[PDB]
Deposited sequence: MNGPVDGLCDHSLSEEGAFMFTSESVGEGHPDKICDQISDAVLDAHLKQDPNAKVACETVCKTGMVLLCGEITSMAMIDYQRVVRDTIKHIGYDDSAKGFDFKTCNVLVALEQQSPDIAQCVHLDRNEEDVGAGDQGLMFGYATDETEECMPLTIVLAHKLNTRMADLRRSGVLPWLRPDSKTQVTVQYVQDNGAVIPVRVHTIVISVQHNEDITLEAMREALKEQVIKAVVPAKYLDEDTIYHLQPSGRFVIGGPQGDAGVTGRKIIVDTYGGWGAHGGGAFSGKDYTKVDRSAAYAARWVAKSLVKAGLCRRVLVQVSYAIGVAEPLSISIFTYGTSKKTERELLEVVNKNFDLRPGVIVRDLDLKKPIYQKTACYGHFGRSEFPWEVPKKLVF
């Protein structure tokens, strides 16, 4: 039942992603000394100017200059011409820091969860490739293989699909668009060649690459001093690339900068968890689990499972499977998913869903 789809992703150098990372880095820095630290911060950046804003109630001694500059260094901004230098950039900290199981969900909410068997990660091929494409470039950048490669990048992958008496089977990569920052001493012809052979063909399964697949490598020409400006980078502005690439559903809640007590993060992770668990347990090929919460109440206020006719069990057979295998209460979620651990910075880029190294990405058994 043919149709096409496109998804995108950005590198660690993208202005918005730098803020997402810095904000989560401050979250990690607090969890390490106070696992109950209440973190609510965000970052704004603009050409060698980083602004740390936020309200965080914690009891840990943190050097914000150090956590911000270290994060910029990690990203790869050490030289001047790159558009950012952790040693010279302005780090304005306007941060306000205080000191002092059946909890109860804060703020009326509605979290979504999604999973599909088109890839081993249980994530849309389009967004998976988009992420992996950026990931590979960072590897070649940090390894030395492609030393002209710079931190800021953007990726777009559009794959042609076809339904299947249930749902969504990828057929081939229609076109790929990739833009990456770079050093001066490297020709546009050499860049485009490396992007096709060393990054694209090294991550995209042969089955999907074609003789017609369209490539748009460095479409706009040169992207040299295009360091983090992009007319002001911000936290929580890359909401769709952090989730499913526009495949599931999104209420609008941002992750980065918020601790484990905010249902926007925790519950969203929990919902992905159950979704991935369901398909992994063969109970369906594609699911859209919807979990709703009521302010004050701990136990979820109605969970809805949305298979697209890919399940044999039948919604409201699968719901009981979820109700007998999962306890989606806020407090239990953080305990079961080990959400007090400082893993948030690595979650701040290349997507929150998909990577198995995250608790919520480990499928639960599901006793049926």
Going by C-alpha coordinates, which parts of the deposited sequence are missing from this model?
1 to 16, 117 to 128
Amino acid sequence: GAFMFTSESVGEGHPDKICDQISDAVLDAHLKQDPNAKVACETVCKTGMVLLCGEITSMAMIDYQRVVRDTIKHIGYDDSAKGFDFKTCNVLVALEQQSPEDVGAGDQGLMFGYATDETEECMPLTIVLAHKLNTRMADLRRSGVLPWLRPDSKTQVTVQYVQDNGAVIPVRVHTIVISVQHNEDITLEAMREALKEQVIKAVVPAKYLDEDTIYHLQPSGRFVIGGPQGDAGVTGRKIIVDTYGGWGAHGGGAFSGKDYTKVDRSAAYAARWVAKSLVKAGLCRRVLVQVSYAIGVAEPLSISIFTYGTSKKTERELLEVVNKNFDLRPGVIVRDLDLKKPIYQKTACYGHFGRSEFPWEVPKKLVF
From here on, numbers count along this sequence of modelled residues.
Is the mean CA B factor in the deposited entry higher across 62 to 70 or across 314 to 322?
314 to 322
Determine, for stretches 162 to 170 and 138 to 146, which one has the higher mean CA B-factor as deposited.
162 to 170
So among 133, 94, 186, 110, who wins on Cα B-factor in the entry?
186
Can you tell me which of 342, 309, 54, 330 has the highest Cα temperature factor in the record?
309
For residue 290, does the deposited CA B-factor place it in the lowest, middle or highest third of the chain?
lowest
Among the chain's modelled residues, which third holds the C-alpha B-factor of residue 86?
middle
Taking the values exactly as deposited, rank residue 43 by C-alpha B-factor within its chain and report the matching third: lowest, middle or highest.
lowest
Just say lowest, middle or highest third for the CA B-factor of residue 245 relative to the other modelled residues in its chain.
lowest
Comparing against every modelled residue in the chain, figure out the third that the C-alpha B-factor of residue 259 lands in (lowest, middle or highest).
lowest
